[PDB]
Amino acid sequence: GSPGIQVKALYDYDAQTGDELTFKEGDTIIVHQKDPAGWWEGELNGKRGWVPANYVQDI
Amino acid sequence: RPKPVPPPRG
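If you're matching them up, the sequences are chains A and B in order.
So the first sequence is numbered by the numbering used here: it starts at 69 and just counts up by one.
So the second sequence is numbered by the numbering used here: it starts at -9 and just counts up by one.
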């Protein structure tokens, strides 16, 4: 199957650090880990980084 | 539409 859990972004987000992902509503984020504390390890367009879990569809 | 606030990063 896919290398991870694919989820849709619900809103645009602009990264506030170099280790966060920037994305737009409708992007498909690959989730690698559902880390505790509100930020998940994800991947988009060849970059690995943190995604705010409240910005992607469901949990 | 309005967005949730990102949670603390620390």
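For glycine and all other residues, C-beta sits at the position ideal for the given N, C-alpha and C.
- Among the residues of chain B, none has a CB under 8 Å from the CB of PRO104 (chain A); the nearest is roughly 11 Å distant.
- Cβ proximity to chain B below 9 Å picks out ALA105, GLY106, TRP107, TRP118, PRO120, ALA121, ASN122 from the segment 95 to 122 of chain A.
- The beta carbon of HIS100 (chain A) is closer than 7 Å to those of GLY72, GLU109, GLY110, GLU111 in its chain, skipping five residues each way along the sequence.
- Going by beta carbons, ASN122 (chain A) and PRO(-6) (chain B) fall inside the 8 Å limit.
- The three-state secondary structure of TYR123 (chain A), taken from DSSP, is helix.
- Counted as a single uninterrupted DSSP element, the stretch harbouring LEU89 (chain A) is not any beta strand (DSSP E), since DSSP gives it neither H nor E.
- Of the residues assessed, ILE97 (chain A) falls on the buried side of the cut-off, its CB having 16 or more other CB atoms within 10 angstroms.
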